[PDB]
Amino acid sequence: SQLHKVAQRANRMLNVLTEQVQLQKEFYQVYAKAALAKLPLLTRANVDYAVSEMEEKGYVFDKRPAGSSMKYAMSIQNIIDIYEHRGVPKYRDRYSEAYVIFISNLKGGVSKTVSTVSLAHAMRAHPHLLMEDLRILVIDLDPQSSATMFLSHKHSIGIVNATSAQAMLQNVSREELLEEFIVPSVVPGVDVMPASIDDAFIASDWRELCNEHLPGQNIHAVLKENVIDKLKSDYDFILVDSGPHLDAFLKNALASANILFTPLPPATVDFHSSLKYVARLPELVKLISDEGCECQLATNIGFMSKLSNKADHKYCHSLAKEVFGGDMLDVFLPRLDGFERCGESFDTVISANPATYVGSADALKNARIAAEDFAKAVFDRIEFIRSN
């Protein structure tokens, strides 16, 4: 009974530490008016007419003095509103229901979380996708909660309780999900439904917890029916992140996705493992199907992750190209220091402010551009699939 003893001491500690984070409780990117001209469909002249015409109508743009005078400090919203003023339709004007993206791989360390949060921020803030005025939701279903930490400033969530796995069991309305479970991330337009280590116990007793709280409901269609379907009209993209564990969460995530992206690692051994997952994927969809709901899983796109020039890497890259063939993204996430440094302070290569960044400013830009290139390639891929 020495555990009971220590376990209690740790309990008083939690209740104490929990009242810490509670008692505790921004996007740097701004564009100079002239900078908008490099954005698609916009020119120096038409931005001047838009800003001019909108102002005369009562619009007020963000500004900040650079010495004495006061220039324009355009926020993403200002830009989005300028495009709207110029009759450029938004993504929601051609697609009516949210598309669910699931970056998955049973093998860990392959960059599932980083590629997921990077894709969320980079798609929203992509210079070429701002006109799309995208609304993105990242649903964290990994008790390790890496996505949560990356997306909402660690001093925010700290000890989370309103969890995605909780949402699944509580089965609440759209309004409650937006108001009580979903929290904003640093980049406006990108939200997150958090996770917490406590979700490990939920996954562990999923079977029973379902019989108690969701009687008669197919245990594999919960995330899809109790959460995603209720939010389909408030978001353009919904990204689900789960751990590399063949859980109820992994299954619920698979049953709700429209598309899968498999991040492929460069080392031969990890690449080998990943192919095992890609090979048994149809087996997994078959199971979930044979016992409940059907997976609307269209395709499975692969892409190299943390790739480099090592001979071994080039080799795997050739093999992956062989396996996925056409469904192989033409862009990949290379291994960069920017992603590591950022990963250490749980910040996105998009939200990380260069003025605060500890490391070379060059390295940061490189990863940002890499995240952006990756996001644009993903978005374009969905586009082709969705309008064909």
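Start at 1 with the first residue shown and count on from there.
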Residues with no coordinates between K25 and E26, taken from the deposited sequence as a class: 4 to 9
Greater mean Cα temperature factor according to the PDB record, 229-237 or 265-273: 265-273
Per the entry, higher mean C-alpha B factor between 374-382 and 10-18: 10-18
Largest Cα B-factor, entry values, listed residues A32, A37, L319, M54: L319
Options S173, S152, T113, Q217 - largest CA temperature factor per the record: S152
Relative C-alpha B-factor of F249, binned into the chain's lowest, middle or highest third: middle
Entry-reported Cα temperature factor of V47, expressed as the chain third it lands in: lowest
For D290, the third of its chain into which the C-alpha B factor falls: highest
Record-listed C-alpha B factor of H85: chain third: lowest
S96 - which third its CA temperature factor falls in, relative to the rest of the chain: middle
